[PDB]
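Before any questions on binding or motion, here is one chain by itself as structure tokens, the form solved without this ligand.
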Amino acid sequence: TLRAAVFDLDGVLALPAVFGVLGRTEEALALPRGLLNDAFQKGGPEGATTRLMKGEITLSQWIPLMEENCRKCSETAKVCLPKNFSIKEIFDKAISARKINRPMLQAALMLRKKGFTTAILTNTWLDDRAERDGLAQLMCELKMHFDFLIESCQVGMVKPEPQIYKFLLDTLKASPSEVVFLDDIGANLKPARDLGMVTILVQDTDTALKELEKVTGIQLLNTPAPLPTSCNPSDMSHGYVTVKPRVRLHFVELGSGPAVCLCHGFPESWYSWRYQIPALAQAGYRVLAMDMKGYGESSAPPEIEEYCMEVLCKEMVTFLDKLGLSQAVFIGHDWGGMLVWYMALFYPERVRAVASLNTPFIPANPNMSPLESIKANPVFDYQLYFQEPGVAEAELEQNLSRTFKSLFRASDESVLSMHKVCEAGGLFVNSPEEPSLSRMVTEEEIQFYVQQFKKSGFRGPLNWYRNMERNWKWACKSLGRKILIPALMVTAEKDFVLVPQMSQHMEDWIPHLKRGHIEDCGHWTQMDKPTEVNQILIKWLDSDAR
């Protein structure tokens, strides 16, 4: 019974194979067949390439040695190498051209999802080339998806020597018959088979995965489109910044590049961005996924005025100040989406670009009190229920698991009615005590929110709704302004609170506004359609945010 899968890197998890460039170079340069592949392997176990692979020497120390073996090979074949002939140039573009074999990674990801232990076992080098970062990024993107990465150069052993196989088995704490091993080199597969491991000789991925699925008994080929990579909270880098005495802000941080500040809505978490954090970091950005004031590990002062938009925006500027950031791209959802428009209106020098999911930008009406505006829309009744301090807190805090299970539901899942909430007496009065689990969340993801909400409750969160008049007066000061920095409005077809239609007049105030639209998407945009959100955000970031 198999319980472990081992993958080679070159020609297995990464394509095209760097080994296959020696033959391509021979054909392109009209050199004798195998001249380059022979100079690569010259001296066998005592040769330059083995020393490189065992970590005895670095890639740059090897470059001149390989060059020497190429001349000795050409001397015997009675040939000549081009005068442009450069080993560095050949391996530079070869390593650069090498990309993840996505179907192979998906099969490994599926095997790990089914309880398998996964490992990468590779014959690799210590790369000290000026261009090494490309390969460092590739290794980073791959390794995160596996239980173990065994590199020949770090363990001082190489395939096909049988010590690395015994090292692999000891790392896996597994008997050879419990292990599938995939390699593109027949010779490196031989000792794994001789020990009794299930072995697959990989040429094309499709045949390889058919063999892999037949042996494990798991469907890996033709499987549905998987979800983007999520976050495990304990594996994240956690940041804390004091913005004023007794007010600290928490954030999760991933990646390098321009700063991208993620701002959740009500009643959420930094964790609401779990599907966007790995994807945006991989896309070349420094992600700062906030716990907004009143939530999770951020401070939750009890005073209502601490949650007005002017105070919240000032604190986000101080947050940038304390982190030494002149700007950040601000991406908000729901209440966070509202804050991001106000960051762009009041602090344009600090905002590199602004993006909102579901929340439209609507200028304040100076001729109508915000409470008259709230009454003018029946879907906004729940906001009047939220006004009285302690009333919504008692209902929302009574049973936390029921709260998140009733709220976090997709469009198909008997979504919570928002009409006549005040008349009915509460938000969940016509709701089951034990609601079913939405297709959007696992039981574990629901418990994370339950755990987060145990620290401060719903007072701080509900206080974001208790400054309608304060926010209105502040917003009226910006009525002559236009948003002329890069901006993106993303609408969700089936959000019945923040309807796409509410955003139709935005171009009057944001003339250069760019749009995104998600079909069959409810209010919880990020977890409802993460693949589409990620696609729209990355496309907009690379074109308008840099």
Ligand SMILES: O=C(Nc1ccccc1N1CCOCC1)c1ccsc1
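Shifts are known only where both forms have a C-alpha. By rigid core we mean the largest C-alpha set that fits within 1.5 Å across both forms. Residue numbers here begin at 1 and follow the sequence given.
- Higher mean CA temperature factor between 320-328 and 193-201: 193-201, per the PDB entry.
- Once the C-alpha B-factors are averaged per stretch, 74-82 and 464-472 rank with 74-82 first.
- For the set 56, 495, 27, 507, the PDB entry puts the maximum C-alpha B factor at 27.
- Ranking 97, 260, 104, 126 by the C-alpha B-factor listed in the PDB entry places 97 at the top.
- In this PDB entry, the Cα temperature factor of residue 402 sits in the middle third of its chain's modelled residues.
- Per the PDB record, residue ranking by Cα B-factor puts residue 478 in the middle third of the chain.
- Among all modelled residues in its chain, residue 11 ranks in the middle third by Cα B-factor.
- Compared with the other modelled residues of the chain, the Cα B-factor recorded for residue 296 ranks in the lowest third.
- Residue 91: CA B factor in the highest third of modelled residues in this chain (values from the PDB entry).
Below, we turn to the form solved in complex with this ligand, even though it does not appear here.
- Site accessibility, open: after C-alpha superposition of the site, this ligand as positioned in the deposited bound form shows no atom within 2.4 Å of the backbone or C-beta atoms of the displayed chain.
- Checking 348, 176, 370, 284 against this ligand in the deposited bound form, a heavy atom within 4.5 Å turns up for just one residue: 370.
- The contact residue chosen from 323, 364, 254, 243 relative to this ligand in the deposited bound form is 364, the criterion being a non-hydrogen atom within 4.5 angstroms.
- At a distance threshold of 4.5 angstroms between non-hydrogen atoms, residue 374 is in contact with this ligand in the deposited bound form.
- Residue contact check for residue 309: one or more of its heavy atoms lie within 4.5 Å of this ligand in the deposited bound form.
- This ligand is not drawn, but in the deposited bound form it has no heavy atom within 4.5 Å of residue 218.
- The closest heavy atom approach of residue 335 to this ligand in the deposited bound form falls within 4.5 Å.
- The candidate stretches are 273-281, 105-113, 207-215, 461-469, and the one lying within 4.5 Å of this ligand in the deposited bound form by heavy atoms is 461-469.
- Mapped along the sequence, displacements between this form and the one not shown of 2 angstroms or more at every C-alpha, sustained over at least 3 residues after core alignment, occur solely at 414-416.
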